[PDB]
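Structure at a glance
Spelled out from the first residue to the last, the chains are:
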Amino acid sequence: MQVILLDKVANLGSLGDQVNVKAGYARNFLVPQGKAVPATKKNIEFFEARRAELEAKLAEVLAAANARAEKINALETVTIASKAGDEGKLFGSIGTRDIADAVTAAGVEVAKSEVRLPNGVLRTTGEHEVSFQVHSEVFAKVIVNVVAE
Amino acid sequence: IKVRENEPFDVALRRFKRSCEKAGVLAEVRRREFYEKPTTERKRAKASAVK
Amino acid sequence: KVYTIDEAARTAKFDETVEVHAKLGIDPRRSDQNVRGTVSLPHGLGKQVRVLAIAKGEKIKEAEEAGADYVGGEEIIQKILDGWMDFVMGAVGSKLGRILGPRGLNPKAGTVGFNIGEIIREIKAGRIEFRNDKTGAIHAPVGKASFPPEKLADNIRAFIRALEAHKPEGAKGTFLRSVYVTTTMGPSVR
Amino acid sequence: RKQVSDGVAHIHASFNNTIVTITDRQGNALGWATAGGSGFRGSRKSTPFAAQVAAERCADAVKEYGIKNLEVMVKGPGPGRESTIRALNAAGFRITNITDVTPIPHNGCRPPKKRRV
Amino acid sequence: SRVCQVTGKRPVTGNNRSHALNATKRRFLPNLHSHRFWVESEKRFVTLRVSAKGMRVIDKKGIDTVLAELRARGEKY
RNA sequence: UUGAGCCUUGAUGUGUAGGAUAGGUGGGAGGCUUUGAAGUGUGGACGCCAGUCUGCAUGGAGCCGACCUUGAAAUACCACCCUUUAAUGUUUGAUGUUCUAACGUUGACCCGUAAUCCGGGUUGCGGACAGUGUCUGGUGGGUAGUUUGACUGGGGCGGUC
RNA sequence: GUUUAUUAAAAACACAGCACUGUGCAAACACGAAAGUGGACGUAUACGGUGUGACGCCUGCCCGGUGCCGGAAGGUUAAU
Ligand SMILES: [Mg+2]
Ligand SMILES: [Mg+2]
Ligand SMILES: [Mg+2]
Ligand SMILES: [Mg+2]
Ligand SMILES: [Mg+2]
Ligand SMILES: [Mg+2]
Ligand SMILES: [Mg+2]
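- Structure determination for this entry, per the PDB record, employed X-ray crystallography and reached 2.9000 Å resolution.

This is the structure we're talking about:
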């Protein structure tokens with residue numbers, strides 16, 4: 001038969017292709033342990049609706065889990081009111097829920113665990129930098145400036 | 001029987017084989033069984049080796 | 001290629017040594033392997049031949065001017081008949097037999113031109129072009145082709161030297177064209 | 001194919017014929033030639049000469065694994081028992097150890113009766 | 001009784017025709033094979049005594065439909 | 001993995017006069033090798049042990065042609081190949097190795113159920129075999145239906161149509 | 001011992017004994033379109049078939065033919 005697959009399936013499958021398999025394999029193994037299904041045409045278009053949706057649509061929505069950072073370099077500077085000891089060296093210090101909570105709390109809304117201040121993370125005043133995370137490949141840089149007020 | 005001869009030579013030197021087996025217990029076990037007739041062979045083989 | 005690559009002759013002194021050896025079928029039943037009276041080709045080729053005929057003391061004044069050189073005389077039938085290192089090539093047809101001076105005992109001379117009105121008539125061509133290519137053992141074909149003075153220009157021996165497909169016996173499929181020589185070798189299909 | 005260089009030359013020398021086999025160490029057999037298989041049949045082969053030419057044929061057949069040196073195990077009585085070994089040495093072989101393995105029962109089977117000739 | 005539950009296919013009579021055209025009553029049975037079928041719809045194996053033709057129909061139609069046919073002519077499975 | 005096709009690639013020829021272990025025609029009077037040769041020295045190797053090829057290499061630099069004979073002339077070189085063979089592949093089987101999930105179970109167990117049937121379940125053993133359907137070659141007095149002539153000094157035998 | 005109930009009681013059948021041959025068990029083999037069942041609640045010291053016929057002394061030669069067993073490289077050969 002033809003049959004269209006479900007899971008990845010070894011030396012033939014893919015995850016949602018239209019392979020062609022010996023019926024002995026389809027009945028008796030694949031379809032029963034629902035790893036595939038009869039290509040009843042009714043189905044093959046059940047799959048064409050499933051060829052437009054999740055893919056074409058929700059990847060220009062991860063073009064929004066990405067263009068969040070088109071507003072990461074268009075400000076590129078938050079200040080933290082953290083002072084300085086005996087020579088312009090932070091009396092404070094700012095981490096991730098400091099650089100995600102002092103990022104969210106404006107027009108820059110990020111998820112608190114989306115702010116990589118590799119440690120410096122942090123131990124002095126003035127300008128620093130950080131690695132802001134929204135996508136797996138597209139993060140983005142800013143500039144942070146712990147203001148000694 | 002065995003000679004694991006060594007360094008600087010090529011000759012056979014196997015004069016050992018005419019010290020035990022070969023046609024010793026070999027021309028022997030080869031053929032007619034014998035039985036009581038060896039007795040007669042080895043009886044004439046002492047009458048000789050007296051003088 | 002779809003036909004032949006005659007630029008597939010691309011270090012002798014010329015690439016005339018390039019041979020029309022196309023294949024032909026078994027003897028399954030009764031069939032033979034016959035090359036005509038000098039196979040010409042719709043190419044003139046440019047061969048000023050050397051033709052020796054069994055002609056007379058009559059046509060030694062025109063049977064030598066038509067893509068040839070000399071013409072063996074009638075006293076030189078058995079005059080020049082006392083040599084092994086001393087002794088196309090022709091034989092006029094009909095009631096003219098040549099076993100009394102062309103039979104004994106290992107060369108191939110037979111086809112020429114038959115003419116008792118004209119020893120070189122205005123239109124009597126097809127001779128100064130190509131030769132023969134008869135039976136060898138398992139098949140035939142053996143000849144040559146064009147030159148290092150051709151291209152798809154002497155590839156007219158492909159539609160008129162493979163067009164040379166004749167009657168076959170029964171249980172055969174005789175084709176397999178291949179030329180080239182004195183460098184490399186090959187061809188395509190039929 | 002393959003190569004070894006260290007081997008053994010087993011010679012089966014009987015009365016009617018003597019056979020010769022060059023095996024590796026693992027008794028895996030690399031090339032043989034026999035007295036009767038080199039010509040000479042009947043008494044012909046029952047000779048030390050036949051055994052010589054057997055050894056030559058044999059080398060030109062196991063020199064295929066470039067056998068530089070080899071033990072030599074000698075079985076049976078009859079000619080070509082030793083003369084065969086001489087041809088191995090000449091042929092061009094490093095001739096290591098020499099054994100005689102001709103099997104001797106501790107008086108076991110009854111041997112054939114006859115030979116009223 | 002050698003009958004296929006899918007298609008009705010039961011044995012049928014005809015003749016064996018020799019070379020000399022002698023006829024002899026004979027039968028054609030169908031190609032039966034009782035086969036286990038996983039109905040997903042009922043978390044269960046239903047085994048049918050089917051002809052080979054039987055199965056192919058069950059493929060193209062789907063055991064759910066085919067069984068539905070059985071249940072609709074009081075076929076018990 | 002292995003038998004048969006099919007396709008490229010590389011092997012080899014001791015009929016007699018003779019420079020010599022000439023396959024058959026055909027191109028064919030120079031290609032070649034420093035893109036590193038002859039001939040020595042072994043390696044795998046075919047085999048009528050007669051001798052050949054070659055990768056490696058020592059090497060280190062010219063050999064040829066009608067040449068006069070031979071029914072047929074060049075290891076001058078190149079082809080489509082036959083003698084028979086040898087190797088990768090492509091194709092088609094077949095034979096073999098595993099798996100389990102079809103199917104077998106006339107092992108064990110659970111429930112229906114106080115049941116040596118049957119159904120379902122679990123497990124163990126097998127397993128794409130076995131078995132069955134359709135088709136097909138062989139076999140098949142086991143069964144079945146029949147044939148096994150007429151003339152004739154009775155029939156039969158012989159003979160005859 | 002058995003046998004032709006009703007013209008044959010026997011030298012005929014059987015018989016213990018013997019031999020050959022099949023069968024690893026879901027046995028072969030038998031009744032059965034089949035399920036199922038005999039064989040057997042047995043398991044090769046068993047079960048089937050076949051011939052011979054206590055016992056004593058014995059049982060030779062022939063494998064061309066016909067059966068049967070084994071085999072296979074070739075040749076020939078079906079659906080396909
Ligand atoms: Mg009858
Ligand atoms: Mg009558
Ligand atoms: Mg009585
Ligand atoms: Mg009575
Ligand atoms: Mg019995
Ligand atoms: Mg009797
Ligand atoms: Mg007898």
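The discussion continues.
1. Regarding the interface of chain B and chain D
- Tallying the contact residues gives 18 residues for chain B and 23 residues for chain D.
- Class assignment for the residues of the side of chain B that touches chain D results in five nonpolar, no polar and 13 charged.
- Pairing of strand 1 (residues 2-3) of chain B with strand 5 (residues 94-100) of chain D involves two bridges; the strand directions are antiparallel. The residue bridging B:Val3 from the neighbouring strand is D:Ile98, located in strand 5 of chain D.

2. Some remarks on the sheet that holds strand 3 (residues 78-81) of chain A
Residues and elements named next belong to chain A.
- One open sheet accounts for three strands, arranged 3-7-5; its pairing is mixed. Two strands bound the open sheet, and with one partner strand each, they are strand 3 and strand 5 (126-128). Strand-to-strand twist in this sheet, taken as the mean axis angle between neighbours without regard to direction, amounts to 25 degrees.
- Across four bridges, strand 3 lies against strand 7 (residues 144-147) in parallel orientation. Following the sheet pairing, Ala 81 is matched in strand 7 by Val 147.

3. So, the packing of aromatic side chains
- When the ring of A:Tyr25 is compared with that of A:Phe29, the centres are 5.4 Å apart and the planes differ by 10 degrees; the resulting orientation is stacked. Taken together, the residues span about one helical turn, with A:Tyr25 and A:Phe29 both in helix 1 (residues 23-30) at a distance of four residues.
- Note on E:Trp38 and E:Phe45: the rings are 5.3 Å apart at their centroids and 80 degrees apart in plane angle, and the pair reads as edge-to-face.
- Lying across the ring of D:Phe15, B:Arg30 places its NZ or CZ 4.2 Å from the centre.
- Taking NZ or CZ as reference, E:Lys76 lies 4.8 Å from the ring centre of E:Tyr77, over its face.

4. Side note on unusual backbone geometry
- In this structure, the amide linkage connecting A:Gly120 to the following residue, A:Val121, adopts the cis form with an omega of 15 degrees.
- You can see A:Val121 is positioned in the loop between strand 4 (115-116) and strand 5.
- You will see that A:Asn28, though not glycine, has its phi angle at about 90 degrees, which is positive.
- Assignment of secondary structure puts A:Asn28 in helix 1.
- Despite not being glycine, C:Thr182 has its phi angle at roughly 50 degrees, a positive value.

5. Topic: the sheet that holds strand 3 (residues 31-34) of chain D
- One open sheet holds the six strands; their spatial order is 1(B)-5(D)-4(D)-1(D)-2(D)-3(D), and the pairing between them is mixed. Strands with a single pairing partner mark the edges of an open sheet, and in this sheet they are strand 1 of chain B together with strand 3 of chain D.
- The strands touched by helix 1 (residues 48-62) of chain D within the sheet are strand 2 (18-23) and strand 3 of chain D, with strand 3 of chain D carrying the most contacts at an inclination of about 155 degrees.

Procedures and definitions
- Residues numbered from 1 in each chain as written, not as in the entry; some residues may be left out.
- Chains lettered and ligands numbered in written order.
- Part of a larger assembly, values for the part shown.
- Heavy atoms only, no water.
- Residues with missing side-chain atoms left out of burial classes, pairs and counts.
- Contact = heavy atoms within 4.5 Å.
- Nonpolar A, V, L, I, M, F, W, Y, C, P; charged D, E, K, R; others polar.
- Pairing = 2+ DSSP bridges.
- Helix = DSSP H or I, 4+ residues; strand = E, 2+ residues; numbered from the N terminus.
- Axes fitted to C-alpha atoms, helices over the stretch in contact; angles between N-to-C directions.
- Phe/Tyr/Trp six-rings, centres within 6.5 Å; stacked < 30°, edge-to-face > 60°.
- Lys NZ or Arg CZ within 6 Å of the ring centre and 35° of its normal.

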